[PDB]
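Chemist: This is the structure I want to talk about, given as structure tokens.
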Amino acid sequence: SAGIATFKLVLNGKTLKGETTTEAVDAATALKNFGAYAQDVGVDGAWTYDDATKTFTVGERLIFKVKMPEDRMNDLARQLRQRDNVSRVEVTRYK
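Listed below in structure tokens is the structure:
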């Protein structure tokens, strides 16, 4: 779509691997779209990106022995989940 930015998502999960893109007006919208994608394919792991290059990455952490789920994963996911189907809230830029 003319006038609309294109964003890239890198897929680096356990079973979800490859590349996909979305049309969006900003990174916040792109993430929300990518969120929906990940959900449809049964994935909801760590969500990181760099606005400088318009690059997103998603993937879930592997658990071994008695390891607990990582906080960075749950945190990043939480931030997106709170914005699930919310248009009134923007995404804080990843640093």
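Just so you know, we're using the authors' numbering here: the sequence shown kicks off at 1 and counts up by one. Even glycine gets a Cβ: it sits at the ideal position worked out from N, Cα and C.
What are the boundary residues of the beta strand (DSSP E) that includes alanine 46?
Modeler: Looking at the DSSP string, the run of the beta strand (DSSP E) that includes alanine 46 is 46 to 50.
Chemist: Below 8 Å, can you find three or more Cβ-Cβ pairs linking the segment 68 to 87 to the segment 15 to 25?
Modeler: Contact fails: fewer than three Cβ-Cβ distances are below 8 Å.
Chemist: I believe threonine 55 touches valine 10 by the beta-carbon criterion, under 8 Å. Please report the beta-carbon distance rounded to the nearest angstrom.
Modeler: The pair is a contact, with the Cβ atoms about 7 Å apart (cut-off 8 Å).
Chemist: What runs of the alpha helix (DSSP H), each 4 residues or longer, lie entirely inside the segment 2 to 72?
Modeler: Runs found: 27 to 40.
Chemist: Does the Cβ-Cβ distance between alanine 5 and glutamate 23 come in under 9 Å?
Modeler: Yes, they are a contact pair.
Chemist: Just to check my reading of the structure: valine 43 and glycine 13 have Cβ atoms closer than 8 Å, yes? What is that Cβ distance to the nearest angstrom?
Modeler: That belief holds up - the Cβ atoms of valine 43 and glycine 13 are roughly 5 Å apart, short of 8 Å.
Chemist: Can you tell which of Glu90, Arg61 and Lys8 has the C-alpha that lies nearest to the C-alpha of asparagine 74?
Modeler: When each option's Cα is compared against that of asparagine 74, the closest is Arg61.
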